[PDB]
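Novice: Contents are compact mmCIF, C-alpha atoms and all ligand atoms; file name run.txt:
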# COMPACT_ATOMS: atom_id res chain seq x y z
CA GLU A 516 85.11 137.49 98.23
CA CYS A 517 83.56 134.22 99.37
CA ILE A 518 82.06 130.96 98.22
CA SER A 519 79.11 129.12 99.76
CA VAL A 520 79.24 125.45 98.85
CA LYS A 521 76.68 122.95 100.17
CA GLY A 522 75.81 125.28 103.04
CA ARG A 523 79.39 126.19 104.09
CA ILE A 524 81.14 129.51 103.50
CA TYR A 525 84.74 129.77 102.26
CA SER A 526 86.85 132.88 101.79
CA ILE A 527 89.17 133.17 98.80
CA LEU A 528 92.82 133.71 99.66
CA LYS A 529 94.43 133.30 96.24
CA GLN A 530 93.64 131.88 92.86
CA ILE A 531 95.99 128.93 92.32
CA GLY A 532 95.15 127.87 88.80
CA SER A 533 92.91 128.35 85.81
CA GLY A 534 91.48 126.30 82.99
CA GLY A 535 89.13 126.82 80.11
CA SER A 536 86.04 127.79 82.05
CA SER A 537 87.51 126.79 85.42
CA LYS A 538 89.36 128.52 88.26
CA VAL A 539 90.88 126.86 91.32
CA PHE A 540 91.36 129.00 94.43
CA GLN A 541 93.06 128.42 97.75
CA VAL A 542 90.45 129.25 100.40
CA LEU A 543 89.76 129.05 104.13
CA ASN A 544 86.69 127.55 105.74
CA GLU A 545 84.67 128.94 108.63
CA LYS A 546 87.39 127.37 110.86
CA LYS A 547 90.44 128.99 109.18
CA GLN A 548 91.50 125.69 107.55
CA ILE A 549 93.04 125.37 104.07
CA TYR A 550 91.08 123.93 101.16
CA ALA A 551 91.07 124.26 97.40
CA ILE A 552 87.89 125.11 95.50
CA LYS A 553 87.64 124.45 91.77
CA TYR A 554 85.05 126.66 90.05
CA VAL A 555 83.59 125.71 86.67
CA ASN A 556 81.27 128.16 84.94
CA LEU A 557 79.00 125.98 82.80
CA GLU A 558 76.84 128.69 81.15
CA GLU A 559 78.79 128.20 77.93
CA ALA A 560 79.44 124.43 77.64
CA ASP A 561 78.82 121.72 75.02
CA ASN A 562 77.34 118.51 76.40
CA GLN A 563 80.75 116.84 75.85
CA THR A 564 82.37 119.31 78.23
CA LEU A 565 79.39 118.78 80.54
CA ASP A 566 79.75 115.02 80.18
CA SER A 567 83.51 115.04 80.71
CA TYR A 568 83.27 117.20 83.85
CA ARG A 569 80.48 115.00 85.18
CA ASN A 570 82.42 111.78 84.60
CA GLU A 571 85.52 112.62 86.54
CA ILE A 572 83.63 114.00 89.55
CA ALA A 573 82.15 110.51 89.76
CA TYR A 574 85.45 108.72 89.20
CA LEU A 575 87.14 111.07 91.68
CA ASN A 576 84.40 110.16 94.16
CA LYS A 577 84.90 106.40 93.88
CA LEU A 578 88.65 106.50 93.37
CA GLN A 579 89.52 108.28 96.60
CA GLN A 580 88.01 105.39 98.58
CA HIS A 581 90.98 103.39 97.23
CA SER A 582 94.04 105.59 97.68
CA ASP A 583 95.59 108.40 99.74
CA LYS A 584 97.66 109.22 96.64
CA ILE A 585 94.61 110.70 94.83
CA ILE A 586 93.69 114.18 96.06
CA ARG A 587 90.49 114.17 98.08
CA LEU A 588 87.14 115.62 96.99
CA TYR A 589 85.42 116.56 100.22
CA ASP A 590 82.27 118.05 98.71
CA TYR A 591 80.75 119.37 95.51
CA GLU A 592 77.89 121.65 94.50
CA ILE A 593 76.67 121.25 90.95
CA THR A 594 73.93 123.03 88.99
CA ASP A 595 73.23 123.91 85.39
CA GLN A 596 75.36 127.05 85.81
CA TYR A 597 78.46 126.18 87.88
CA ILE A 598 80.47 123.46 89.61
CA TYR A 599 82.09 123.88 93.02
CA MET A 600 84.52 121.19 94.18
CA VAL A 601 85.90 121.48 97.72
CA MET A 602 89.23 119.60 97.58
CA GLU A 603 92.28 118.98 99.72
CA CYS A 604 94.82 121.69 99.06
CA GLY A 605 98.25 121.06 97.62
CA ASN A 606 101.39 122.95 98.56
CA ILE A 607 102.55 123.23 94.92
CA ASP A 608 102.66 121.12 91.76
CA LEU A 609 105.57 118.84 90.89
CA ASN A 610 106.23 120.83 87.72
CA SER A 611 106.77 124.05 89.67
CA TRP A 612 108.76 122.41 92.46
CA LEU A 613 110.96 120.74 89.83
CA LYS A 614 111.68 124.05 88.08
CA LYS A 615 112.88 125.65 91.29
CA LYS A 616 115.96 124.14 89.63
CA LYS A 617 116.65 122.21 92.82
CA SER A 618 118.19 118.81 93.22
CA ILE A 619 116.18 116.08 94.84
CA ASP A 620 116.96 114.06 97.95
CA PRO A 621 117.39 110.62 96.34
CA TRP A 622 115.02 109.03 98.87
CA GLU A 623 112.33 111.66 98.43
CA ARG A 624 112.54 111.02 94.70
CA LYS A 625 112.11 107.34 95.45
CA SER A 626 109.14 108.06 97.68
CA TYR A 627 107.56 110.40 95.10
CA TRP A 628 108.07 107.62 92.58
CA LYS A 629 106.30 105.14 94.89
CA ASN A 630 103.55 107.73 95.11
CA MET A 631 102.99 108.28 91.38
CA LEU A 632 102.91 104.50 90.83
CA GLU A 633 100.37 103.94 93.59
CA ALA A 634 98.15 106.70 92.20
CA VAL A 635 98.44 105.79 88.51
CA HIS A 636 98.04 102.11 89.37
CA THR A 637 94.76 103.01 91.14
CA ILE A 638 93.19 104.79 88.17
CA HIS A 639 94.37 101.90 85.96
CA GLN A 640 92.55 99.46 88.26
CA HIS A 641 89.22 101.19 87.59
CA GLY A 642 89.83 101.44 83.86
CA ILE A 643 91.40 104.87 83.36
CA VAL A 644 94.42 105.72 81.22
CA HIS A 645 95.66 109.27 81.63
CA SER A 646 97.85 109.17 78.45
CA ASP A 647 98.99 112.69 79.36
CA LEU A 648 100.61 112.58 82.78
CA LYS A 649 102.99 115.46 83.50
CA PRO A 650 104.41 116.97 86.69
CA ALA A 651 101.52 119.48 86.68
CA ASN A 652 99.27 116.44 87.37
CA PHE A 653 100.85 115.87 90.78
CA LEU A 654 100.54 117.92 93.97
CA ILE A 655 102.83 117.73 97.02
CA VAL A 656 100.98 117.46 100.36
CA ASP A 657 102.62 116.03 103.51
CA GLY A 658 105.69 114.94 101.57
CA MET A 659 103.40 112.79 99.44
CA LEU A 660 102.70 113.09 95.72
CA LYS A 661 98.94 113.11 94.99
CA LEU A 662 97.26 113.06 91.57
CA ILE A 663 94.59 115.61 90.62
CA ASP A 664 93.52 115.32 86.95
CA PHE A 665 92.57 111.92 85.50
CA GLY A 666 93.00 113.32 81.98
CA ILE A 667 89.24 113.05 81.43
CA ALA A 668 88.06 116.68 81.57
CA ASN A 669 89.52 120.00 80.38
CA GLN A 670 92.65 119.92 82.57
CA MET A 671 94.05 122.97 84.41
CA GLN A 672 97.36 124.86 84.55
CA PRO A 673 98.79 126.17 87.87
CA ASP A 674 99.10 129.99 88.09
CA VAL A 684 101.53 126.90 77.13
CA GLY A 685 101.79 123.13 77.66
CA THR A 686 104.43 120.47 76.95
CA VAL A 687 105.29 117.38 74.94
CA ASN A 688 108.48 115.88 76.36
CA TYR A 689 106.19 113.34 78.03
CA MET A 690 104.30 112.18 74.93
CA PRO A 691 104.34 108.38 74.52
CA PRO A 692 105.59 107.37 71.04
CA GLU A 693 102.37 105.42 70.45
CA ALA A 694 100.57 108.74 70.90
CA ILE A 695 102.54 110.26 68.02
CA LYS A 696 102.35 107.09 65.89
CA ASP A 697 98.61 106.46 66.54
CA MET A 698 97.47 109.64 64.74
CA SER A 699 97.74 108.60 61.08
CA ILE A 711 94.78 102.99 74.17
CA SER A 712 97.43 101.19 76.27
CA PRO A 713 97.98 101.51 80.02
CA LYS A 714 101.63 101.26 79.03
CA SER A 715 101.61 104.83 77.66
CA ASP A 716 101.34 106.23 81.21
CA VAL A 717 104.47 104.28 82.13
CA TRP A 718 106.31 106.31 79.52
CA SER A 719 105.21 109.68 80.91
CA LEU A 720 105.93 108.55 84.46
CA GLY A 721 109.24 107.47 82.89
CA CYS A 722 109.96 110.98 81.64
CA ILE A 723 109.01 112.46 85.02
CA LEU A 724 111.41 110.08 86.77
CA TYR A 725 114.15 110.65 84.19
CA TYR A 726 113.55 114.39 84.65
CA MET A 727 113.66 113.82 88.42
CA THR A 728 116.96 111.97 88.18
CA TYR A 729 118.83 113.73 85.33
CA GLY A 730 117.45 117.27 85.88
CA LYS A 731 116.13 117.21 82.27
CA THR A 732 113.57 115.16 80.40
CA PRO A 733 114.83 112.74 77.71
CA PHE A 734 114.33 114.68 74.49
CA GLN A 735 114.15 118.00 76.34
CA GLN A 736 117.13 119.05 74.15
CA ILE A 737 115.45 118.91 70.71
CA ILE A 738 113.91 122.36 71.12
CA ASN A 739 112.08 122.34 67.74
CA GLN A 740 108.93 120.30 68.37
CA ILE A 741 108.75 118.64 64.98
CA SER A 742 112.19 117.09 65.36
CA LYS A 743 111.36 116.33 69.00
CA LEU A 744 108.32 114.26 68.07
CA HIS A 745 110.42 112.20 65.63
CA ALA A 746 113.15 111.49 68.18
CA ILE A 747 110.45 110.15 70.50
CA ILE A 748 109.17 107.78 67.84
CA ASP A 749 112.65 106.96 66.45
CA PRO A 750 114.33 103.52 66.94
CA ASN A 751 118.00 104.34 66.19
CA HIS A 752 117.60 107.39 68.35
CA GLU A 753 119.21 106.68 71.73
CA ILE A 754 118.07 108.16 75.01
CA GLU A 755 121.19 108.81 77.07
CA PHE A 756 121.30 107.16 80.50
CA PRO A 757 124.41 108.53 82.25
CA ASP A 758 125.64 105.94 84.75
CA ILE A 759 124.68 106.91 88.32
CA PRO A 760 124.93 105.31 91.80
CA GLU A 761 121.41 103.80 92.07
CA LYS A 762 121.72 101.37 89.18
CA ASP A 763 118.20 100.14 89.97
CA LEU A 764 116.92 103.65 89.14
CA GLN A 765 118.86 103.35 85.88
CA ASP A 766 117.06 100.10 85.05
CA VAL A 767 113.60 101.52 85.87
CA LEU A 768 114.17 104.58 83.66
CA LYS A 769 115.51 102.22 80.99
CA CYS A 770 112.40 99.97 80.91
CA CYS A 771 109.93 102.82 81.28
CA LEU A 772 111.41 104.54 78.22
CA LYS A 773 111.24 101.69 75.70
CA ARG A 774 109.54 102.73 72.50
CA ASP A 775 107.76 99.42 71.98
CA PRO A 776 104.67 99.52 74.25
CA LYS A 777 104.66 95.70 74.42
CA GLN A 778 108.35 95.76 75.45
CA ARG A 779 107.78 98.52 78.04
CA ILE A 780 107.47 97.63 81.70
CA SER A 781 104.00 97.36 83.20
CA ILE A 782 102.85 99.18 86.35
CA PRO A 783 102.45 95.88 88.27
CA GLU A 784 106.01 95.02 87.22
CA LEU A 785 107.29 98.44 88.30
CA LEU A 786 105.65 97.82 91.69
CA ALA A 787 107.62 94.56 92.04
CA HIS A 788 110.89 96.17 91.02
CA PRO A 789 113.99 96.31 93.23
CA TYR A 790 113.94 100.12 93.09
CA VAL A 791 110.72 100.40 95.09
CA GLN A 792 111.06 97.11 97.02
CA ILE A 793 114.59 96.91 98.46
CA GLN A 794 115.41 99.76 100.87
CA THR A 795 118.66 100.17 98.92
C1 LIG B 801 96.49 123.49 90.40
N1 LIG B 801 95.30 123.17 91.17
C2 LIG B 801 95.44 122.85 92.57
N2 LIG B 801 96.45 123.39 93.23
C3 LIG B 801 96.66 123.15 94.52
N3 LIG B 801 97.80 123.75 95.20
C4 LIG B 801 98.71 124.64 94.49
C5 LIG B 801 99.13 124.39 93.19
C6 LIG B 801 99.99 125.27 92.55
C7 LIG B 801 100.47 126.37 93.24
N4 LIG B 801 101.34 127.32 92.58
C8 LIG B 801 101.50 127.45 91.33
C9 LIG B 801 102.79 128.52 91.07
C10 LIG B 801 102.89 129.24 92.10
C11 LIG B 801 102.18 128.46 93.28
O1 LIG B 801 102.26 128.66 94.45
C12 LIG B 801 100.06 126.63 94.53
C13 LIG B 801 99.19 125.75 95.15
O2 LIG B 801 98.77 125.98 96.46
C14 LIG B 801 98.61 127.32 96.79
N5 LIG B 801 95.84 122.37 95.17
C15 LIG B 801 94.77 121.77 94.59
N6 LIG B 801 93.80 120.93 95.06
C16 LIG B 801 92.96 120.61 94.09
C17 LIG B 801 93.37 121.26 92.93
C18 LIG B 801 92.69 121.19 91.56
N7 LIG B 801 92.21 121.16 90.54
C19 LIG B 801 94.54 122.00 93.25
What does the file become when written as structure tokens?

Specialist:
Amino acid sequence: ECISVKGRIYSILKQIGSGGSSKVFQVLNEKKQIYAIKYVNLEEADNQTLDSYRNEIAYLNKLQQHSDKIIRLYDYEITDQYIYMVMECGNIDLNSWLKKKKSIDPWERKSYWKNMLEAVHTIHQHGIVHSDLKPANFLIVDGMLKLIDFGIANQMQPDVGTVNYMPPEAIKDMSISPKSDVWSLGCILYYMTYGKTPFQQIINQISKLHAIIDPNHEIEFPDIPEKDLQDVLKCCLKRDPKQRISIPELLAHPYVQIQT
């Protein structure tokens, strides 16, 4: 099996992930180098799908001029029938590496943190709010964390979703803020520090949504050595969006700034 994209030929090692219409494969180029290719079959596709897929290709194009922490889009073929995106290839997604129930070198966790902030800050700077960041949204390449889905299109799953990372304003605002990504980054850090996400314990997802949106519900923050990390997690995970810490604040925080 093979894939010709904008004149170049790539051979399919392994499918890595799937989506609605999409498939992402790990492939080699004519020079036995690693890439990822995302395939989207557009034959069946509303114009909103079409429009969403179009948008983020463009945003991905611009956005990678501004940050190493966004995965690169080398090339793309697009026609009325399919999309091919030749992209830099991750090693695995944060959500799989996390579930290799490991424990994290405290200075890799700090560097991964730095990485998510850089990347989310970048999309924020060009007007994007993911409002659904999860570990699946991050790839590990060269001991960096790089972002892949800007939450715009029909997002993929690496080869059932999740709601521990839902910002309370997301639950409340059903009957957007950049601060709602701080929350989900919050849960991913919390997860990364305490081996579990905040309300990961309320296993019935009605009672879990309430907890998230519930004032006299208390997230537990077990004391730990890096008390700066404890403060970050504590200000990320405030229920009041206006009381929650901004991304530009987080970037001026002792946790990322002082080399402990
Ligand atoms: C998920 N989509 C992507 N995935 C990867 N890498 C990768 C991700 C996951 C895994 N898994 C998953 C469980 C077992 C295992 O190995 C393996 C992987 O590499 C072989 N690189 C990418 N670049 C652009 C992408 C898009 N869109 C993209």

Novice: Between A:552, A:634, A:518, A:667, which one has atoms that come closest to ligand LIG 801 (chain B), using all atoms listed in the file?

Specialist: A:552

Novice: Given only C-alpha atoms as the basis, pick out the residue of A:578, A:565, A:520, A:632 nearest to residue 592 in chain A.

Specialist: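 Distance minimum relative to residue 592 in chain A lands on A:520.
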
Novice: Please return as a VMD selection string every residue within 10 Å of (99.6, 119.9, 91.6), taking into account all atoms listed in the file and the file's own coordinates.

Specialist: chain A and resid 531 to 532 586 604 to 612 649 to 656 660 to 664 671 to 673

Novice: Name the residues in contact with residue 693 in chain A at a cut-off of 8 Å, using only C-alpha atoms, excluding same-chain residues fewer than 5 positions from it; report them as a list in words.

Specialist: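 Near residue 693 in chain A, the qualifying residues are residues 715, 748, 774 and 776 of chain A.
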
Novice: Would you save the residues of that selection, restricted to C-alpha atoms, as a PDB file, in the frame of the given file?

Specialist:
ATOM      1  CA  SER A 715     101.610 104.830  77.660  1.00  0.00           C
ATOM      2  CA  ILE A 748     109.170 107.780  67.840  1.00  0.00           C
ATOM      3  CA  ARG A 774     109.540 102.730  72.500  1.00  0.00           C
ATOM      4  CA  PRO A 776     104.670  99.520  74.250  1.00  0.00           C
TER       5      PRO A 776
END

Novice: Find the residue from A:785, A:619, A:542, A:585 that sits nearest to residue 769 in chain A; use all atoms listed in the file when measuring.

Specialist: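 Closest to residue 769 in chain A, using all atoms listed in the file: A:785.
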
Novice: Find, counting all atoms listed in the file, the residue in A:778, A:694, A:729, A:739 that gets nearest to residue 754 in chain A.

Specialist: A:729
